[PDB]
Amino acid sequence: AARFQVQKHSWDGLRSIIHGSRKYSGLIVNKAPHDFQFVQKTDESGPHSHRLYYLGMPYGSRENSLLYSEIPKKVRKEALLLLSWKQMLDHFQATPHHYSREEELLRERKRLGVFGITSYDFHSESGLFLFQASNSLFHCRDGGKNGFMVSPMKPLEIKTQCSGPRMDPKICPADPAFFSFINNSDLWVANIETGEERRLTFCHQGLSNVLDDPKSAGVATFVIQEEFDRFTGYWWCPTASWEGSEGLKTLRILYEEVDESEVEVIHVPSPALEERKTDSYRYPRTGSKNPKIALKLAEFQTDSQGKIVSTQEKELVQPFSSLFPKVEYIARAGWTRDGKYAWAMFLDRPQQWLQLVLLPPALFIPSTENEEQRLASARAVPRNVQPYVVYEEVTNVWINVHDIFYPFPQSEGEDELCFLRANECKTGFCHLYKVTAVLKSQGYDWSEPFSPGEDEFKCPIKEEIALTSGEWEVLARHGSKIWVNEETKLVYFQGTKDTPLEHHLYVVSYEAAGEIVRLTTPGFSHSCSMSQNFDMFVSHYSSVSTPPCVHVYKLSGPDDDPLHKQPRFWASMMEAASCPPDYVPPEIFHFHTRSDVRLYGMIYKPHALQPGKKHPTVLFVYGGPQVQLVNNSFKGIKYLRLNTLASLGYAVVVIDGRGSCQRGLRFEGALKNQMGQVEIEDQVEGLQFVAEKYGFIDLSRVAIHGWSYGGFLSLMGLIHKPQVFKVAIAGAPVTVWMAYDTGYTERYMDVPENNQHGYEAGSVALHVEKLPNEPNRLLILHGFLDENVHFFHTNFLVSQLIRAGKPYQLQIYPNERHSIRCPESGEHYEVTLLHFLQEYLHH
């Protein structure tokens, strides 16, 4: 019956509430160990079965370092073993003073907040570790022949004569004496033992005008990093070969060569604000030119002493653009484990057609200006050498790039490739298939200019067995992977089989496809890392009510029944923090829309709730593709401010409407070509359901708040439902889809020329006449340095608001990119949110 009134605090009152909420949280940000490597110990006398390597922030450190824990052979059943974190590196400052533009932008794109060592490459046979640290390259050795340290060793720096940063370092799998890196947009190798360095590619001239120097080798460009989650542009061949009678060893690297010549240039302000300068970006806006791309092959020869004797740039016998004319993007690439084939995952520009293509090294010839030498090379390419399209995925929705492709070893003289593949477009749910392609030879004259027909290189599919099926998903994106045991014929995977609210670890046979066994405990969402010996796994898991823990599990039982190996709790890497007394978990619910679609939501109930009270409500919204807000995992680290709102007496509602992920392609596909037009309808149905079910929602006092897609929908809510939403707080909103990039926008909306109606309807800056004529209903927030949702979106929205004579409030975070990382900015944002709601969320 009655309306609850939030206590109005002074600004300094709100500062103390926010500072207190964070400072006395009873939770620490990014404390979990990660990037796990299991190594077996081979001392029968010793007490430890394994050493476990990982990245983590040890006790009395402010930065990530390389750590190990000892896994004992036996544990007391009636006792909880907390593994001690041992340092690998002796008192070593990995972080630079107070990063370069290259390292800074990479941390923004990989969503990395923590300081210090953020990744390492590891070679198990040799026990070599390789990593970036102190704006240089370092390495150390542990296990293998050398044996296991019992105290922190000092990491050996790798000296260079190169100018500028050495990026994306990787150990050569065939010979760990060698590693690769990118320097000034070109691929280099070095011998880590001898210290010899050698440039392999010569794309980057190093010209004074950078915009006249538009080619790179081995580099993932802006859209590939930001929209396709690929951070490398080169891949070591896993094997050596032995061509020529001189006894030389050949090592190979597949790399993407890019030319950004025709790609539009935008300027984004640089983080040194006092310098009043911008950085230049090759930013493909929707409908404009993406980079020109090709796959190429770098080869070098080595003697028995490890000297680099010769190097060669090799390219496809006919141009990439001739062989693969419909390919806009290379999503992924790699090699078969025998090095027999390079492979690439190719996408068309509409992102409705994917090909998995094998490329034999024999299809690549030496790069040359000499047309006669090139023709001699092309004449020598055998007729039986060709690309093989071993898999093709087609959809009328869009291809989500799935990272799961596992090719099995071939027999000698076998013209088939068996592989595991995650495929969503077949059933509309991402599932594991065992595929057998026949490598069909047509015979090709590579000396003639090439024009591929329909189904050029297309391999017959002899067999395609569903290992999984149903209205749930195998997780195949954004870090999710499979692990394959070829001894037991088992594939381990993560999925939503038990519930869309929880990630679980599962195992199924790929030989006798049948029973799926769950390996993780229901009531938690799990993120797992499996030992390459399939004897142990780590689970990073949480629930809405329980902060995250990291536990080590032993897979135990008879070796003759590997599918039914039992997960046994073994030891803890990190115990769950106490759920704070001031923190009240949200409650997950579900409802059916008027169209009988099931939606999940969660509610943060006003704290110390009294009956007969209607409370002012904040609808917290993301609502975009590739994200699920509502699941059974701990929200108090990333979304503490929602608990803070509930503590002051706001109800907080979160709805996963149509367009959100982990519900299949059809569910996500509801927003195709009509972003903005359907998401608000589901949000309002959720709000009305929560009001009817729970009874404490004041529908006369609803705020809408979100960031990025959530900022976009906050403005759309005020435009389409001005009687529902009293106020909107729009953080980093997309306001004009024509200003957003190719990779994201075209996937969901097509190009502007093909979807004028959708682009117009979905661009909030073109509908400012429908925004409120009353002041204090709209707050816009934006990081000045945002390289994803450019400040331009807010600038253009403001320009339109002025033209339409509409009021607005604005806050800028001058030192922030897309997400607020600095504590002062984060606190100021939260204080501003509390102040805006207390002053302006009224009936």
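Residue indices: 1-based, along the sequence shown. In this text, rigid core is short for the largest set of C-alphas that superpose within 1.5 Å between two forms.
Novice: Root mean square C-alpha distance from this form after a core fit in 5 other deposited structures of this protein: higher for 134-142 or for 260-268?
Specialist: It is 134-142 whose C-alphas lie farther from the shown form in 5 other deposited structures of this protein.
Novice: Fitting on the core, do the C-alphas of 436-444 or of 355-363 deviate more in 5 other deposited structures of this protein?
Specialist: Higher average C-alpha offset in 5 other deposited structures of this protein goes to 436-444.
Novice: Does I802 go missing in at least one third of the other entries compared here?
Specialist: No; none of the other entries leave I802 out.
Novice: Tell me whether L156 is absent from the model in at least one third of the other entries compared, counting only those where the residues either side are present.
Specialist: No, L156 is modelled in every other compared entry.
Novice: Comparing average C-alpha B factors as deposited, tell me which of 158-166 and 322-330 sits higher.
Specialist: Comparing 158-166 with 322-330, the higher average CA B-factor belongs to 158-166.
Novice: Compare the mean C-alpha B-factor of 698-706 with that of 111-119 as given in the PDB entry, and name the stretch with the higher value.
Specialist: Between 698-706 and 111-119, it is 111-119.
Novice: Among the candidates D560, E264, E746, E257, give the one with the maximum CA B-factor reported in the record.
Specialist: Spelled out: the listed residue with the top C-alpha B-factor is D560.
Novice: Out of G758, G339, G147, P548, which residue has the highest Cα temperature factor in the PDB record?
Specialist: Result of the comparison over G758, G339, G147, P548: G147.
Novice: Thinking about Cα B factors across the chain, which third does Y68 belong to?
Specialist: Highest third of the chain for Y68's C-alpha B-factor.
Novice: Lowest, middle or highest third of the chain for the C-alpha temperature factor of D35?
Specialist: Middle third.
Novice: With respect to C-alpha B-factor, does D348 fall in the lowest, middle or highest third of the chain as deposited?
Specialist: Lowest third.
Novice: Comparing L837 with the other modelled residues of its chain, is its CA B-factor in the lowest, middle or highest third?
Specialist: Lowest third of the chain for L837's C-alpha B-factor.
Novice: Splitting the chain's C-alpha B-factors into thirds, which one does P775 fall into?
Specialist: Middle third, going by the recorded CA B-factors of the chain.
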